[PDB]
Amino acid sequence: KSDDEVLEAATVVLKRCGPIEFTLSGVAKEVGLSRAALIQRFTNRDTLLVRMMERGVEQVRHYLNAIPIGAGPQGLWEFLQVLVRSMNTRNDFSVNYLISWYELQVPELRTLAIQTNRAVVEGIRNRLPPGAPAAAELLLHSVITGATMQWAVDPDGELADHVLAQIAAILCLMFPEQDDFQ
């Protein structure tokens, strides 16, 4: 078992037990090792969460760089569709808001939450066609963020359908010289 593989296993545990009940003992039974082994490789649960979020930042950047780039506003629309539809709601999605809140209470994790968000914002900024409004990347990131929490509180249909309806609405406003976003 490699350090990377146990970090992925820990991600499973975090999304299942939440950050409060996240423990080395739980990560061990998941990946199939001992607590003493994890304390040797990661010291404590706080450092394991740090290493997990560090890998998360790299994984965000890797995933955003992988999505093909189409032409113009339509390519931006295509990019946002893939990004949003990637959010898995097969299981309880609300645990991720506890993870977020918890991370912001721990300074080193808060820094990594910042880097995670800046990576997504930068990924969107680099896909902006010419002529897009200033700081358009921030407004688009806010729509995804806000519309997702909207649905998380008051779910109606699929998460992606709720979010992308609003993304299409604001893209139509940003790029009125286009036909339409469907």
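From 1 onward, residues are counted along the sequence shown.
The question of which stretch, 23 to 31 or 122 to 130, has the higher mean Cα B factor is settled in favour of 23 to 31.
The stretch with the higher mean CA B factor, choosing between 12 to 20 and 163 to 171, is 12 to 20. You'll see in the entry that, of 138, 153, 144, 69, the Cα B factor peaks at 69. Across the residues 111, 89, 96, 81, the deposited record lists the maximum Cα B factor for 89. Remark: residue 37 belongs to the highest third of its chain, ranked by C-alpha B-factor as recorded. When the modelled residues of the chain are ordered by their C-alpha B factor, residue 61 lands in the lowest third. Among all modelled residues in this chain, the alpha-carbon of residue 47 has a temperature factor (C-alpha) in the middle third.
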